[PDB]
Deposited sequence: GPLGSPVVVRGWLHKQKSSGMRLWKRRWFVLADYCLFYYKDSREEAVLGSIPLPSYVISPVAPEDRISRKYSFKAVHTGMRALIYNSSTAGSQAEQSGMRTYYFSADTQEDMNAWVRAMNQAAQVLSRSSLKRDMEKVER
């Protein structure tokens, strides 16, 4: 992946389209970049989100998100994520913000 892994695990990512359905992907944060894969084998990169100029935080009421442990990355296009526990969400928010500072 070029760089040592800071953190990896499952997140649901919301689709940006009208229905705003969720899809579970396996994320890996390396250097300043978020990479995701179909599953935890990390075989083929499905996508990369470079994090510089994003700020990551828990969702607000006006985001209208009904999944628990949800957080968002907004530019200085917005991405909505949901973790499976409070702890994992807290760890992703800290890690994504660290990566977003170069």
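- Residues of the deposited sequence lacking C-alpha coordinates, counted from 1, fall in the stretches 1 to 2, 79 to 99, 126 to 140.
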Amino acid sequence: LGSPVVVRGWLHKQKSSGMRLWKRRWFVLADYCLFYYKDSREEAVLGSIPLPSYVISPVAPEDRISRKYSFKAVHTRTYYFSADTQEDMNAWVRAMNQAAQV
From here on, numbers count along this sequence of modelled residues.
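- Stretch comparison (60 to 68 versus 22 to 30) by mean CA B-factor in the PDB entry places 60 to 68 on top.
- Among all modelled residues in its chain, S40 ranks in the lowest third by Cα B-factor.
- Among the modelled residues of the chain, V102 sits in the highest third by CA temperature factor in this PDB entry.
- The PDB entry assigns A95 a C-alpha temperature factor belonging to the middle third of its chain's modelled residues.
- In the deposited entry, the Cα temperature factor of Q86 places it in the middle third of its chain's modelled residues.
- When all modelled residues of the chain are sorted by CA temperature factor, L1 is found within the highest third.
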